[PDB]
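Worksheet: the structure to be examined is printed underneath.
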Amino acid sequence: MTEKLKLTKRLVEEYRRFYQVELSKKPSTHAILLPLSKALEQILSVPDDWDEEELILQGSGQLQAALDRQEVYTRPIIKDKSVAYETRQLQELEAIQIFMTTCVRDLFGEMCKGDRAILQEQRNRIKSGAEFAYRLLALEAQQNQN
Amino acid sequence: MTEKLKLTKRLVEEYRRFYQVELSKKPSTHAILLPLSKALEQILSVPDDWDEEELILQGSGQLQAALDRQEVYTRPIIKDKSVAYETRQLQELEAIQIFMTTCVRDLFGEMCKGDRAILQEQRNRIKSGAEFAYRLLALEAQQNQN
Amino acid sequence: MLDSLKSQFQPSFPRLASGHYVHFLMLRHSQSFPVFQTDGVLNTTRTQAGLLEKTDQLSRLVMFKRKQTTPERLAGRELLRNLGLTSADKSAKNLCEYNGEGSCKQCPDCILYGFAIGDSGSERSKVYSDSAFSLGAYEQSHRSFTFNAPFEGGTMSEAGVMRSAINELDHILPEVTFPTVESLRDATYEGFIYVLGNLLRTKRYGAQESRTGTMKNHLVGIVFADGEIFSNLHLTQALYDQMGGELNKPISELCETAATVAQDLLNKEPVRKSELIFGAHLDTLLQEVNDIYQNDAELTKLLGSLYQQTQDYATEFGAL
Amino acid sequence: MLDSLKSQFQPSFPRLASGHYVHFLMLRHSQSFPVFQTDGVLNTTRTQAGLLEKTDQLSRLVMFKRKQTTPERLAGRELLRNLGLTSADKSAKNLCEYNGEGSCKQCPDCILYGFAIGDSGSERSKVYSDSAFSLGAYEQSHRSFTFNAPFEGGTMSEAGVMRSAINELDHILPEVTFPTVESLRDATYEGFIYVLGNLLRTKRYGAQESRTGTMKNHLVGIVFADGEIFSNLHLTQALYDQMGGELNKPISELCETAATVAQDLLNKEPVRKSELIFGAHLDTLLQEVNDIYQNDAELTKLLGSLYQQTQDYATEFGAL
Amino acid sequence: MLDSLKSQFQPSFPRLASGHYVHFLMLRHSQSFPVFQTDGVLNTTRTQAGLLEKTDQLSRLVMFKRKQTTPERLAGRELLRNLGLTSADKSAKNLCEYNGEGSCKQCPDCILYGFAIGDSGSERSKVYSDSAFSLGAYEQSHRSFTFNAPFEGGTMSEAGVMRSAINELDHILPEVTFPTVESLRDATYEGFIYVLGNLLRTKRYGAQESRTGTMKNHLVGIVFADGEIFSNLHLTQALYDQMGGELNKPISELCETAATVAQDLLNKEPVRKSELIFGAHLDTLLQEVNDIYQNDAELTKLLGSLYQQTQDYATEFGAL
Amino acid sequence: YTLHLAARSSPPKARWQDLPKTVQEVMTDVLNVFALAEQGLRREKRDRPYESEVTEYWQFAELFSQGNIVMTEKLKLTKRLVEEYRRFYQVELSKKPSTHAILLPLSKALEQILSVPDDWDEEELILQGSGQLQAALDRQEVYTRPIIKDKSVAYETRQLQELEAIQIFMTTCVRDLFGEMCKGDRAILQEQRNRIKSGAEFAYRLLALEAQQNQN
DNA sequence: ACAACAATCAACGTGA
DNA sequence: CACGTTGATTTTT
């Protein structure tokens with residue numbers, strides 16, 4: 001089971017470490033999938049004229065740029081600990097970078113065959129995967145005591 | 001296992017546990033077997049390399065992001081005032097995940113031998129028998145409950 | 001120009017085709033961000049980039065078949081209604097409902113673009129398309145845009161909760177080019193002026209017509225032949241070779257390169273070619289068709305004759 | 001090139017075949033979204049992946065049996081009409097109705113592709129064919145596309161309520177390959193140029209030809225022989241094994257692999273082989289056949305003499 | 001191999017059986033949708049699934065008697081015409097009309113496969129053949145395909161009325177295997193090369209040869225014998241039991257399983273076995289026979305000798 | 760003789776050399792009496808039997824079956840089979856309907872048994888096939904549907920009576936026609952598909968001729 | 001639309 | 001014993 005059971009965690013569980021919209025707000029599908037949306041866009045929008053690690057580091061550059069528009073209630077790595085900005089921002093940036101190691105070297109590189117067309121006809125479907133996975137984890141974490 | 005045959009009554013009862021409409025409303029065939037129609041679409045559409053539980057989370061979300069697009073009259077879990085609304089969902093998405101495992105394991109895997117060509121040739125029958133089983137159970141239930 | 005070509009066409013629509021094809025070879029350039037979708041994603045396919053050079057695998061957008069025939073077709077029906085040859089009111093004898101039991105079996109739309117009812121019968125289209133492919137790769141030919149849907153109050157909240165009506169949609173970029181060949185089987189001169197009229201006079205394509213999808217169809221050639229020439233894809237692949245894999249070049253340059261590729265390819269097809277209208281002769285033909293469609297009496301005459309020809313076809317060979 | 005092969009053909013159609021088979025080995029490459037169906041789904045079957053090394057089972061698409069003889073046959077009939085040898089008008093002395101009593105029983109289609117209805121008897125096809133299989137697996141070779149039919153108002157609900165006509169159809173992807181061996185039994189040289197004509201000149205296959213289903217026939221060999229060579233499935237399986245299952249390869253390299261598999265398989269067949277036109281001899285053959293079909297004065301003579309030969313066969317051995 | 005095998009055969013054809021059977025053990029694998037019919041449906045019969053273990057009843061397809069001897073017979077006749085040893089023109093002294101008066105009564109077909117029409121007697125087939133059975137059940141081994149026939153205008157109407165030319169037919173799936181023993185009595189060595197030639201050189205079998213019914217004959221053994229070995233059904237029931245009914249195995253494993261069950265069964269037959277050509281000796285012999293059928297001089301000599309042998313049998317013991 | 764002179768004959772040539780083929784077919788399976796009546800209709804180029812032919816060829820089937828348990832069971836079954844679908848479907852013979860229109864539910868029952876994989880259960884076939892019968896019935900015109908056309912009773916009870924009438928017919932096809940008679944084997948059903956259809960058309964016309972008399 | 005088969009299976013007379 | 005020879009019937013809505 002492991003090789004894609006761990007992906008059915010990591011596809012949301014590796015972004016839950018830096019991004020969590022509270023599901024009780026009943027927020028949009030777009031608002032929950034925001035990390036993955038901007039990873040799959042980085043992965044569809046360029047040819048292999050630069051490395052998989054260059055795709056990881058530039059894509060990390062997108063999410064750390066985009067999430068400065070979201071309100072700080074979305075970012076558990078800022079909410080849930082009390083430490084200096086330039087160090088929590090480094091913890092944020094490297095948590096974003098490891099999430100894109102899943103997105104580039106396992107989700108794109110293995111599961112989407114490593115070919116952008118086979119991702120593109122699936123992007124709504126692997127989005128609906130993350131949509132269910134985020135709720136499957138978070139609503140258990142909130143409500144399992146009932 | 002012996003589940004290589006006789007599935008449809010278990011398949012319909014598993015979604016009748018979370019979605020319903022009464023035949024007194026005289027609804028369209030497409031609306032009764034909506035849960036099964038999203039399941040068969042997910043199975044037949046995504047790449048053939050992907051494993052059972054990865055099909056299940058995707059297929060579960062692919063119908064959850066569609067059943068909430070219509071009236072709560074059709075959702076015999078979220079309407080139960082006996083439970084707090086955030087815990088109604090904890091029952092609901094675990095009902096979706098067990099309906100979705102019987103279609104990926106019993107239906108696709110055992111009854112169609114895991115071959116997408118066999119399932120695609122027989123899709124309209126696998127539909128029409130679940131539509132008939134749904135009417136048969138719904139118009140039985142109204143007899144014994146009075 | 002057109003005065004000479006009247007001799008190439010049939011004098012009335014034949015029972016069965018007799019190999020009088022006319023092929024329209026055109027580049028369809030995007031303006032205003034088109035959407036070509038079926039299952040909620042832009043249609044794309046993995047493809048070989050070129051023919052001889054440029055052998056690498058490449059994802060390219062596809063304008064899937066009906067999406068280029070039916071905008072043309074409906075713009076034709078609109079002109080038939082405007083000239084008063086057909087009607088939309090259910091009390092009229094010359095009604096033509098688009099797709100249903102009420103559909104006509106004798107107007108130019110029905111006989112050229114085809115129809116099926118069941119009772120009355122059916123008629124195979126005389127205009128032949130195929131799905132058309134982006135000359136460029138998909139990665140450099142698309143962008144996805146967010147849309148939101150607030151209240152008139154200028155907000156996403158009405159009770160202090162959010163309404164959550166936000167989503168994104170995948171759009172084709174402007175100046176993305178689809179090479180296409182449209183083909184016509186055993187038409188009259190008037191049937192030719194009708195379908196060519198549609199190609200030139202139709203501007204909006206794909207989903208969300210009301211907001212997007214304007215396209216600049218540059219006709220590159222017209223070729224009269226005993227049979228079928230190259231596919232849309234073979235023209236796209238031959239053109240990516242001649243474009244050297246470096247598609248970031250002007251529209252006029254791309255049009256003249258397509259005329260040179262079309263003529264290089266036509267010489268490799270086992271079909272006779274009665275005429276090949278390219279270059280200055282096509283700019284002369286296009287101008288003589290633009291004169292027809294701007295002149296009210298002449299357009300009414302030509303297209304009126306077509307109605308008679310299609311009524312004759314219908315009463316002699318068609319669904320009676 | 002063709003000046004040397006005229007020696008190997010029969011001088012007129014023989015009564016019984018005398019073992020002079022011409023085989024056409026070709027790859028039918030998908031260009032745009034064909035629909036190969038019977039019973040409402042893409043026809044698909046389980047096969048061994050390849051002959052000796054890759055021995056796992058693999059579901060592959062099937063271009064079922066007629067689906068590659070009818071487009072060829074009908075492109076041939078349209079040329080006979082275009083040259084004026086046959087006719088579609090029910091009053092003419094040279095009428096040939098397809099699928100009917102009024103079949104000519106003496107034109108080239110009738111003698112080469114056969115006929116059955118009526119008192120004047122039947123004639124077996126001299127073109128031999130078999131169902132053809134995708135080189136790749138079905139799961140990697142198809143996609144299903146949904147389609148709808150709005151009212152011309154641009155809505156789904158003209159009655160105030162929906163049409164509910166939304167459905168989907170399964171389509172074979174572009175660049176999917178079907179290996180094929182067409183065969184021709186005891187023809188004349190003019191019969192060879194007619195059948196080779198059809199295979200090279202026909203372009204549309206499967207359902208929805210007016211909208212979809214263009215293909216690219218790459219002839220990879222012509223083999224003159226004393227008997228039947230391999231089945232389509234055996235060419236498919238040998239070629240899959242030769243590529244080791246890594247089928248994501250350029251179109252020309254797939255044609256060069258097919259040519260080098262076919263020559264090694266022919267060396268294991270118990271048939272004397274009079275000629276084996278491959279590579280540069282086939283490039284120089286096909287350009288000479290193109291320059292028949294591109295020239296009116298040559299084509300009308302050749303297909304004209306075929307009329308005579310076939311009319312003569314009809315009046316000496318055939319239907320009278 | 002051929003240099004030793006020569007000793008087992010008789011030096012000329014006898015009038016009475018002198019023992020000396022040669023048994024050709026084959027698997028006939030379907031390659032392209034065979035139709036094996038009489039009375040309008042695929043021929044099938046209820047049988048025990050296998051000899052000892054799996055003793056339940058099962059319906060299996062029947063390749064009925066002549067469906068596996070007329071292909072052989074006719075393929076040998078077109079070779080005799082190709083080599084010029086027989087002719088199809090009336091008023092030639094070596095004419096051989098198939099199944100009429102005007103059968104030669106001297107050619108290898110007439111002697112080896114027999115004749116019975118008109119004056120000059122009747123001759124028993126020296127090739128003994130039997131009806132073959134599908135190794136698997138009918139349910140796993142067939143499919144029904146709809147066929148239709150529109151007007152050439154591309155629709156099922158010519159005057160608004162329907163053609164309704166729609167029907168099903170059943171076809172045997174690819175990779176369906178038919179175990180069989182062909183038996184040859186009292187041959188000369190050249191007669192063995194002719195019959196074995198037919199078995200390796202034929203490739204179409206069922207109804208609708210022109211479109212369907214290619215098969216791959218893998219010869220799995222050749223057994224020289226004092227009398228009849230097992231039935232086709234018995235080899236089938238042994239092979240199903242040895243696989244346990246697990247029939248989704250590749251053709252190489254299936255041909256190797258047939259080889260070991262045939263040798264197990266042969267050691268239980270009251271038959272002196274002079275030679276038992278299997279495996280590495282058989283794939284030697286099959287090549288030494290391919291070397292005959294690919295050589296114009298060797299084949300003409302051998303089959304010409306046969307003609308003399310069969311013409312001398314005819315003048316000495318046969319039709320005079 | 761009156762069955763052989765209907766089929767396996769020509770109007771000037773009785774072909775008595777084929778009487779052994781006509782008798783062996785009648786004795787092997789009694790529904791061949793209706794397969795031969797259909798061949799005679801085909802030769803005579805007549806699209807439907809006369810009212811006389813519908814009782815003649817049935818009194819012949821009852822005569823040749825008289826001593827045999829499995830033939831009297833098959834002839835009783837083919838009547839019962841049609842008498843069951845005639846509870847929910849009735850094309851009026853006066854409108855000159857096709858052999859296909861008469862056999863709409865039986866053709867959609869048999870195609871279901873033959874099209875599904877051999878692994879699937881009888882109790883799955885009953886549900887999938889009754890779905891296809893419901894789907895087909897709802898596409899015909901309302902006058903053909905005896906339970907739904909009768910406006911006298913509440914709509915859910917018309918639906919409930921239709922669903923259980925479709926279920927009992929489909930249960931007879933899958934249990935008794937396929938499971939018991941055809942040994943549960945699709946090969947043995949495929950040979951009979953044609954004579955089951957011919958026997959059901961003659962049964963439908965007989966049940967209709969009997970209804971239109973006894974309704975007085 | 002259209003074929004249901006196709007052939008062969010003595011009876012003497014005369015001389016040695 | 002082994003040579004040689006060559007005509008006849010009447011019809012199945």
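Those protein sequence lines, which keep their order, are chains K, J, D, C, B and I. Everything in the first sequence is counted per the deposited numbering, starting at 1 for the first residue and increasing by one. Everything in the second sequence is counted per the deposited numbering, starting at 1 for the first residue and increasing by one. Everything in the third sequence is counted per the deposited numbering, starting at 1 for the first residue and increasing by one. Everything in the fourth sequence is counted per the deposited numbering, starting at 1 for the first residue and increasing by one. Everything in the fifth sequence is counted per the deposited numbering, starting at 1 for the first residue and increasing by one. Everything in the sixth sequence is counted per the deposited numbering, starting at 760 for the first residue and increasing by one. Heads up, the beta-carbon is just placed ideally off N, CA and C, and yes, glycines get one too.
Opposing strand residues paired with residue i [DSSP bridges]
i: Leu42/C; result: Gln37/C
i: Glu182/B; result: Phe24/B
i: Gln48/D; result: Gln57/D
With 16 other Cβ atoms within 10 Å as the buried cut-off, status of residue i
i: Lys65/D; result: buried
i: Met1/K; result: exposed
i: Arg15/B; result: exposed
i: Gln70/J; result: exposed
i: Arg143/D; result: exposed
First and last residue of the uninterrupted alpha helix (DSSP H) at residue i
i: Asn953/I; result: 945-973
i: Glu246/C; result: That residue, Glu246/C, is in no alpha helix (DSSP H); it is neither H nor E in DSSP.
i: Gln871/I; result: 863-874
i: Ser252/B; result: 251-266
i: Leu58/C; result: Taken as a continuous stretch (DSSP letters only), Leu58/C belongs to no alpha helix (DSSP H), being part of the beta strand (DSSP E) at 57-63.
i: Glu812/I; result: 810-823
i: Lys38/K; result: 34-44
i: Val792/I; result: 791-802
Continuous beta strand (DSSP E) stretch holding residue i: start and end
i: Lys216/D; result: 215-225
i: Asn295/C; result: Premise fails: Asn295/C is in no beta strand (DSSP E) and is neither H nor E.
i: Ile277/C; result: 275-277
i: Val901/I; result: Note, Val901/I: premise wrong, no beta strand (DSSP E); not H, not E.
Cβ neighbours of residue i in the same chain (closer than 8 angstroms, five flanking residues each side left out)
i: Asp106/J; result: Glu3, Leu7, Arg10, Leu11
Residues near residue i by beta carbon distance below 7 angstroms, same chain, minus five either side
i: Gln309/C; result: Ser12, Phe13, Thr188, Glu190
i: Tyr194/C; result: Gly76, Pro108, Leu112, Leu303, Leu306
i: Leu173/C; result: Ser30, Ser141, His142, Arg143
i: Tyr138/B; result: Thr44, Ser59, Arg60, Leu61
Cutoff 6 angstroms; reference residue i; Cβ partners in own chain excluding five residues on either side
i: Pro76/K; result: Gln20
i: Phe278/D; result: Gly221, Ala259
i: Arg846/I; result: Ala924
i: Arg272/B; result: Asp226
i: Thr781/I; result: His763, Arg767
Exercise. Which runs of the alpha helix (DSSP H), 4 residues or longer, sit entirely within the region 84-168 of chain C?
Worked result: 108-112
Review point. In chain order, which alpha helix (DSSP H) runs of at least 4 residues are fully inside the region 56-135 of chain K?
Key: 76-79, 85-102, 116-120
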